[PDB]
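Protein chains in written order, with the entry's author numbering: chain b, 1 to 346; chain W, 10 to 234; chain a, 8 to 165; chain r, 20 to 74.
What follows is a single structure, written as structure tokens, with notes after it.
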Amino acid sequence: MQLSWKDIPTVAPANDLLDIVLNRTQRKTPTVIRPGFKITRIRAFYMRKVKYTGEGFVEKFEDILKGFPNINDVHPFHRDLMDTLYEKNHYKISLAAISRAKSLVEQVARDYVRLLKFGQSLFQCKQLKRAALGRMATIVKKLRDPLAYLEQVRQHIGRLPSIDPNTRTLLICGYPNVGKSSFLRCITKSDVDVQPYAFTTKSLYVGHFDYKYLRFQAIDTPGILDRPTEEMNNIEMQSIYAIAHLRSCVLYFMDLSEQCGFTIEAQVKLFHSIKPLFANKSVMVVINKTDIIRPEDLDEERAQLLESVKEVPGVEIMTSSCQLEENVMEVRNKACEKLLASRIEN
Amino acid sequence: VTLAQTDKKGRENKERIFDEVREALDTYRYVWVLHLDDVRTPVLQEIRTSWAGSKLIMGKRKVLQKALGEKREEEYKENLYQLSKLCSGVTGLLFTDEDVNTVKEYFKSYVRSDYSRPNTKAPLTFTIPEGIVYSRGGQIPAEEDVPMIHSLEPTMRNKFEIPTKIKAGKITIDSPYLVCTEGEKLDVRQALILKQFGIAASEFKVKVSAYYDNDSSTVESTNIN
Amino acid sequence: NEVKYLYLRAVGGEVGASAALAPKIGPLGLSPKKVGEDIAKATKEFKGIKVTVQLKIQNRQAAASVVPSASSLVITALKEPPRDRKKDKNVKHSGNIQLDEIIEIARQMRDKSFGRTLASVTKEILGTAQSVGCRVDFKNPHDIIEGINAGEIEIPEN
Amino acid sequence: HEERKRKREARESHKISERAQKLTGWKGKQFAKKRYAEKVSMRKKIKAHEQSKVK
RNA sequence: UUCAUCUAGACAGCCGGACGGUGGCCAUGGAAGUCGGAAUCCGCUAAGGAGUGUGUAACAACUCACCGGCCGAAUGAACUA
Ligand SMILES: [Mg+2]
Numbered sequence: 001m002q003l004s005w006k007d008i009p010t011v012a013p014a015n016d017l018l019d020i021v022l023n024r025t026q027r028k029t030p031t032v033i034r035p036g037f038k039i040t041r042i043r044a045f046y047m048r049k050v051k052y053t054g055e056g057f058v059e060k061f062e063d064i065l066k067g068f069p070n071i072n073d074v075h076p077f078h079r080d081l082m083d084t085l086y087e088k089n090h091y092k093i094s095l096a097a098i099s100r101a102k103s104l105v106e107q108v109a110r111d112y113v114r115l116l117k118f119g120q121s122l123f124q125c126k127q128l129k130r131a132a133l134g135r136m137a138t139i140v141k142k143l144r145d146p147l148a149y150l151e152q153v154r155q156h157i158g159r160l161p162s163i164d165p166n167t168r169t170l171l172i173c174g175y176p177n178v179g180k181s182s183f184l185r186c187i188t189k190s191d192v193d194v195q196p197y198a199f200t201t202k203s204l205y206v207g208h209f210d211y212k213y214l215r216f217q218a219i220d221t222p223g224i225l226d227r228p229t230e231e232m233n234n235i236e237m238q239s240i241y242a243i244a245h246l247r248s249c250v251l252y253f254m255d256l257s258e259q260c261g262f263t264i265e266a267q268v269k270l271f272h273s274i275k276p277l278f279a280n281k282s283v284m285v286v287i288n289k290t291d292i293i294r295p296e297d298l299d300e301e302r303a304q305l306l307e308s309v310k311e312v313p314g315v316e317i318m319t320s321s322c323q324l325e326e327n328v329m330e331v332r333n334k335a336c337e338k339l340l341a342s343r344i345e346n
Numbered sequence: 010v011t012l013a014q015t016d017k018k019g020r021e022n023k024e025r026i027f028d029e030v031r032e033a034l035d036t037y038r039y040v041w042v043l044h045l046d047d048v049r050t051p052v053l054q055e056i057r058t059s060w061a062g063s064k065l066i067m068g069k070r071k072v073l074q075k076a077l078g079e080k081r082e083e084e085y086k087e088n089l090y091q092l093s094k095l096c097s098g099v100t101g102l103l104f105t106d107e108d109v110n111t112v113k114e115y116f117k118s119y120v121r122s123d124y125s126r127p128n129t130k131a132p133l134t135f136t137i138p139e140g141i142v143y144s145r146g147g148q149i150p151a152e153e154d155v156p157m158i159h160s161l162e163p164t165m166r167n168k169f170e171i172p173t174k175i176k177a178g179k180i181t182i183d184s185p186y187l188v189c190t191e192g193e194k195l196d197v198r199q200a201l202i203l204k205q206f207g208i209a210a211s212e213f214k215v216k217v218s219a220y221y222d223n224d225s226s227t228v229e230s231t232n233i234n
Numbered sequence: 008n009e010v011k012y013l014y015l016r017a018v019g020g021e022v023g024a025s026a027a028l029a030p031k032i033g034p035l036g037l038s039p040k041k042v043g044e045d046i047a048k049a050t051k052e053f054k055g056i057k058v059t060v061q062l063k064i065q066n067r068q069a070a071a072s073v074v075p076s077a078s079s080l081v082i083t084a085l086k087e088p089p090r091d092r093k094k095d096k097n098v099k100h101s102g103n104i105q106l107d108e109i110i111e112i113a114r115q116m117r118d119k120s121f122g123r124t125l126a127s128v129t130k131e132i133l134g135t136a137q138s139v140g141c142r143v144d145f146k147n148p149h150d151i152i153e154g155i156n157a158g159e160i161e162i163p164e165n
Numbered sequence: 020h021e022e023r024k025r026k027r028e029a030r031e032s033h034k035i036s037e038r039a040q041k042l043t044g045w046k047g048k049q050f051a052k053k054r055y056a057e058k059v060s061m062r063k064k065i066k067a068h069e070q071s072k073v074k
């Protein structure tokens, strides 16, 4: 439950669930009733079978009903994971439909057992029990879509990394087309591709590294795109949400290299977009490939923009590269020290 | 089963082939007969653009024999039976009244790049350096080179089971392999290799060993290689 | 020295995408900013028009040229203003096509057209226009093929 | 494991003969219902494909 | 039983082809046919589907349906009891 919802028991389609419940009940219920019996025995047998079917359906539904947590209020500090993944409204509609069906099945069973209490003959009792079974079949067949959405939701949430919001953490973000996963590879151990693409990573990823005698976790942003500045896809919206609702120290990356996805054309727009969402989150900036771009010959025209950025107090730009194993360590140690200083002061 | 709109042609194709060949037999003066069986669609496009004043009409060997005459008694033109058994594979017919020497020189001198894969050949030795493979055989430098995908590795590990100059999947070999040698007869794996990258090591020309005249309408057959 | 031949497509009058052009200029080491400036200079003739840009490289020397495409030429034949609006979707130039621009759109491709004659080039262009689906000469493009076949519309040939 | 996948697909295709009789009863009816549903789906797909090809 | 193919060489298999306009148009950072929605033309043929699938992030490659060569008698599809 807490940051890990892998405990969902199992999901079957509506038709499969109906078939399973029906066959299991028909196997477990005695099937030998003769006319040479008093009406009490017949009534007892059929009441037992119908109530057992009702209880079986109720127990088959209650587990999945309780498995999914209160997504409206579970981690309001973070929230917004499965909605961002696929959707929220139709998900809640389907769950509410399942819950309504659960709240109606037992009422139908109680009403029908009350009606059949006054049964009189084998023909009429068989007919009414067949009617009850048909009502159950209809009310389980009228929810084919909710199970279909439920399967996808369960599969999506199964492979979801656990994130602890109320613990120490760090975040890495930057413009894509730079090899963002390289920091993850050089810091922690996991599986990711470093292909020369905008989307080096395709989802959120959390590390488990340990330095300064303590353990820390770093969250990688899949990427940032700000062409409309408001309307993105899941890849960018999840990153922007994580940046917004987290006070963890954030390291920002822009590629000041002649070879990149955007060259040097949109970093100013990046800074303008992030400044409203970068206020008290310990902004950190690094640059890669310094040993091959030679920052000693940087142009003053772009140095004016760098100074304009530096006008904001929380700006620090240095030279580092992932091709070595000294600059990366120094940068990470400085980030950890800044985090420690921030938490000591605050 | 089948889930496509395309269906079998039938025999109206055969009927229209008969009609077109019988009507086209009487269009120009000088018919054409050649010896070139296996070709490619770009080559057909090139030859048709060159010979637009002709007709690139061809069909089954049996139907061509039927049109030319299965017996001496029946014949569209005088001495058309010698053209029936003239060729055994696949060849077409043309009606060009341009010249003789010019067209023969065109045939003997034309050369294009393609793939042949013959049993007897004298090809250059082709090797696969290093463990990492390449799709062209390593001709361009590794700096400009590009990698490949190992998803189709079982295909080469089962059907090929040998390092390949062309059509190579990302594996590692302890030593380079000379997939091609001078004066060697290619096997199934060699025929499969040397096709992916399109590097046409083969030169295709026109080998002409056929002729026929219509005003003379008599026996004619050359042999030029 | 060595000559590199490659084909790329971009938007006229705009800087080429460095992310897409990175494999092309990877070993070359040329500046993608300079490449984008060259693309803009070469494609300034067409504004917001998707056309092909050449990248002729011989010992890493910039050389670009513009070669149009059939669909783009069909779009731009009417000379209608090309505009992109975030509030507009599924909008395209479907104005009536006169035979005056039919001759030009056949002639531009006739040099590289497989069809030997201007009639073949014109019928191929008519098939392309029927594929595109724009109105032609206040007439349905479907019937122009049979009109050509029956001689209803004559295409001058020289 | 492409050969393994192909063998699995062929075995699944040919398993209908083995599945012709299953259990001690009450399973042949389910198998018949599944076969009928598959046949109905195939007939509907064939009719739709023929209609699409026609017009 | 009905409807077909077949010496005017069928079904199975080996091998070859399956090309261009066109990466055809809206979603783009991706939609070459295959995460989607519309989408339905020719050029030259005997043949190539604005594409049934395998699946790459895309490409690519393979594969089917349709033709071609090898082998030369009867064979296919549906339905009935
Ligand atoms: Mg990366």
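Even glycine gets a Cβ: it sits at the ideal position worked out from N, Cα and C.
query, result
"Compute the Euclidean distance between the alpha carbons of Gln137 of chain a and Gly20 of chain a, then round it to the nearest angstrom.", "29 Å"
"For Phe169 of chain W, which residues from the same chain have a beta carbon less than 6 Å from its beta carbon, with the 5 sequence-adjacent residues on both sides left out?", "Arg198"
"In the region 100–122 of chain a, which residues sit with their C-beta less than 8 Å from some C-beta in chain W, listed in chain order?", "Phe121"
"Please check if any C-beta of chain b sits within less than 7 Å of the C-beta of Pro34 of chain a.", "no"
"Which residues in chain a have a C-beta closer than 9 Å to the C-beta of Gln54 of chain W? List them in chain order.", "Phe121"
"I want to see whether chain r comes within less than 7 Å of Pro163 of chain W, judged by CB atoms only; does it?", "yes"
"Out of b:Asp83, b:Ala148, b:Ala335 and b:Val250, point me to the one whose CA is closest to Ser94 of chain b's CA.", "b:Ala148"
"For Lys51 of chain b and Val113 of chain b, what's the separation of their Cα atoms in angstroms?", "8 Å"
"If we count the other Cβ atoms within 10 Å of its Cβ and call it buried at 16 or more, is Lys49 of chain b buried or exposed?", "buried"
"For a contact meaning CB atoms closer than 7 Å, what does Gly261 of chain b contact in chain a?", "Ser25 and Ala26"
"Would you be able to state if there are at least three C-beta pairs under 8 Å between the region 8–21 of chain b and the region 148–168 of chain b?", "yes"
"Would you kindly work out how many angstroms separate the C-alpha atoms of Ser190 of chain b and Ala29 of chain r, rounded to a whole number?", "38 Å"
"I want to check one thing, is the minimum distance from the CB of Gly207 of chain b to the heavy atoms of ligand 1 below 6 Å?", "no"
"I want to verify the contact list: residues of chain W whose CB lies under 8 Å from the CB of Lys72 of chain r, in sequence order.", "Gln14"
"Express the C-alpha separation of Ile112 of chain a and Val81 of chain a in angstroms, rounding to a whole number.", "8 Å"
"Does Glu21 of chain r get closer than 7 Å to chain W when you measure Cβ to Cβ?", "yes"
"Anything with a beta carbon under 5 Å from a heavy atom of ligand 1 counts; list them all in chain order.", "b:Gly179, b:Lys180, b:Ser181 and b:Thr200"
"Roughly how many whole angstroms lie between the Cα atoms of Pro138 of chain W and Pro156 of chain W?", "14 Å"
"How many whole angstroms separate the CB atoms of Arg126 of chain W and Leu195 of chain W, which I take to be in contact at a CB cut-off of 8 Å?", "6 Å"
"Alpha carbons only, please: which of W:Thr11, W:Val99 and W:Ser230 is nearest the one belonging to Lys71 of chain W?", "W:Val99"
"Should the region 236–243 of chain b be called in touch with the region 215–224 of chain b, which here means at least 3 C-beta pairs below 8 Å?", "yes"
"Of all the CB atoms in chain b, is at least one closer than 7 Å to the CB of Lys31 of chain a?", "no"
"Give me the subset of the region 24–55 of chain r whose CB atoms are less than 9 Å from a CB atom of chain W, sorted by chain position.", "none"
"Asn177 of chain b touches chain a at which residues, Cβ-Cβ below 9 Å?", "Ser25, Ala26 and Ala29"
"Restricting to runs no shorter than 3 residues, where is the beta strand (DSSP E) found entirely within the region 75–129 of chain W?", "102–104 and 121–123"
"With C-beta atoms as the reference, is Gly140 of chain W less than 7 Å away from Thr173 of chain W?", "no"
"Which chain a residues are close to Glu258 of chain b, counting only those with a beta carbon under 7 Å from its beta carbon?", "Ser38"
"Report the residue from b:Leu122, b:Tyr86 and b:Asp220 whose alpha carbon sits nearest the alpha carbon of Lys38 of chain b.", "b:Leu122"
"Taking DSSP's pairing of strands, which residues face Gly174 of chain b in a bridge?", "b:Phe253"
"Going by the DSSP bridge assignment, what does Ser211 of chain W pair with across the sheet?", "W:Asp123"
"Scan the region 48–72 of chain W for residues whose Cβ lies nearer than 8 Å to a Cβ of chain a and list them as they occur along the chain.", "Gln54, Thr58 and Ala61"
"Provide the residue span of the alpha helix (DSSP H) that contains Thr138 of chain b, from first to last.", "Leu122 to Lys141"
"What does DSSP give as the partner residues of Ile219 of chain b in its beta bridges?", "b:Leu171 and b:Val206"
"Against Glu32 of chain W, what residues of chain a qualify as contacts under a CB-to-CB distance less than 7 Å, listed in chain order?", "Those do not exist, as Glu32 of chain W stays about 20 Å from chain a at its closest Cβ, beyond 7 Å."
"Among W:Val228, W:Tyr221 and W:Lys214, which residue has its Cα nearest to the Cα of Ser118 of chain W?", "W:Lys214"
"For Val98 of chain a, tell me which candidate among a:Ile104, a:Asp107 and a:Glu87 has the shortest Cα-Cα distance.", "a:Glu87"
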